[PDB]
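Worksheet: the structure to be examined is printed underneath.
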Amino acid sequence: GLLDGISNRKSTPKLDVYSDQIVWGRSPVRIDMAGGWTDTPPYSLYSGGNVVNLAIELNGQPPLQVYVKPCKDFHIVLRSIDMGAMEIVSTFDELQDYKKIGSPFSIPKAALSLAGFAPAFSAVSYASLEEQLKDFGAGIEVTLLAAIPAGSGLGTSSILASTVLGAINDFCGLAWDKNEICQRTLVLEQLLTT
Amino acid sequence: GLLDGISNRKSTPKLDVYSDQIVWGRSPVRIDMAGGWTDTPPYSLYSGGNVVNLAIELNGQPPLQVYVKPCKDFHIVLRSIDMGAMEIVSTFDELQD
Amino acid sequence: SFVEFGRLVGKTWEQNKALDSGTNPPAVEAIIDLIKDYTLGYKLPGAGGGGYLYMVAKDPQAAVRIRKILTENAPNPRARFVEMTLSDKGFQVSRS
């Protein structure tokens, strides 16, 4: 039911940075002052939610960070600093395998899918992820850091998804604003059935 | 010749962070305004060097960044974002290679 | 109104406890009781169940008192204060 334009929202990602450039996105966490839970479906669908919250840095740093850079090989490399892991995504099938056993990379996979590297979200039809990345100009290397573990109550998972989405937005010239980034985050978490 | 206390400078590293903590260090680059090259050996050894320079962030970010975190396994993992690489150091011999 | 803000934060904590009995384990309640007299209010961020405790001290002196109390009476070796500051930037992105 929650799927809205989650199937037909097409993007055209284009390499918008120079070959030796690295995109750094970063976000603080949040503390909800009031109205938490009222944004949770289906109650939010019944009557709408009200939430007062604010963004906060912890120990003078943004706890959510993402680096995106071009890759010589026409695949996607995903690295996790907090989980200390790495994974290579070469096909559309691998990119959309969100529930892969032992993989901590469901969030960046869903984010890259929403950015147009999965066929359902791409305006242009591509034969394979490798061909789409060859037309793109390079592969993509995404390094992620959630300095605060998920389940801490500070919004780690959603804000990390948004940070990946914003970094990919800048890296691919999708021209999303912050509101659209948050809406794409909602779509992402619906893809992951959070 | 340049080796001074480069052999006998002993440290005692101790895990000073909590188990779930990550250390983030970051630094800007620099522009040397004057006196560059005068700090280069052996001329700096002949007469000493004078250099005027300053630290600068580029596009509002510190270009040099490092993350350090505890590891469940008793080895050293090294990852490079700009080079896109990873390496496992398990022995003194590998660490000094 | 700072006082009303802190009191309403406390009320949010009460509402969350009423919605979820597991959000306030007895250890968190003991930590709370250690310093509850120096706050206008407090709550756990998000779904709670433990983790981080947000406290609105009555005044800077009360905040110093809270820090001293929780430092001299740590409930476990891992508990620690985390400095929080309001972010005037939100999500930022830049290029090398």
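Within each chain, counting starts at residue 1; across the structure tokens, chains are named A, B, ... in the order shown, with ligands numbered 1 upward in that order.
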
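For chain C, the residues no farther than 10 Å from chain B when using only C-alpha atoms are residues 77, 78, 79, 80, 93, 94, 95 and 96 of chain C.
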
* Among segment 54-189 of chain A, which residues carry a DSSP assignment of strand (DSSP E or B), reported as a PyMOL selection string? -> chain A and resi 54-58+61+64-71+76-80+85-89+122+139-146

* Asked: Could you write out as JSON, numbers by chain the residues of chain B within 10 Å of chain A, counting only C-alpha atoms?
  -> {"B": [20, 21, 22, 23, 24, 61, 63, 67, 68, 69, 70, 71, 72, 77, 78, 79, 80, 81, 82, 83, 84, 85, 86]}

* **Within 9 Å of chain A: residues of chain C, using only C-alpha atoms, as a ChimeraX atom specification** => /C:8-9,11-13,16,43-52,54,82-96

* **Nearest to residue 56 of chain C, chosen from C:27, C:74, C:69, C:35, with only C-alpha atoms counted in the distances** =>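 Once distances to residue 56 of chain C are computed over only C-alpha atoms, the minimum belongs to C:35.
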
* **Those in chain C with helix (DSSP H, G or I) from DSSP, as JSON, numbers by chain** => {"C": [2, 3, 4, 5, 6, 7, 8, 9, 10, 11, 12, 13, 14, 15, 16, 17, 18, 19, 21, 22, 23, 26, 27, 28, 29, 30, 31, 32, 33, 34, 35, 36, 37, 38, 60, 61, 62, 63, 64, 65, 66, 67, 68, 69, 70, 71, 72]}

* To do: Extract, using only C-alpha atoms, all DNA, RNA and protein residues at most 12 Å from residue 53 of chain B, discarding same-chain residues fewer than 2 positions from it, and format them as a ChimeraX atom specification.
  => /B:29-36,50-51,55-56

* To do: Would you please work out which residue, of B:76, B:27, B:48, B:64, is nearest to residue 94 of chain B when using only C-alpha atoms?
  =>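 Closest to residue 94 of chain B of all the choices is B:76.
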
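For the pair atom CA of residue 10 of chain C and atom CA of residue 46 of chain A, the interatomic distance is 26.5 Å.
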
* Near-segment 125-130 of chain A list (12 Å; only C-alpha atoms; drop same-chain fewer than 4 positions) as JSON, numbers by chain -> {"A": [10, 11, 12, 71, 72, 73, 74, 75, 76, 89, 90, 91, 92, 93, 94, 95, 96, 112, 113, 116, 117, 118, 119, 120, 121, 134, 135, 136, 137, 138, 139, 140]}
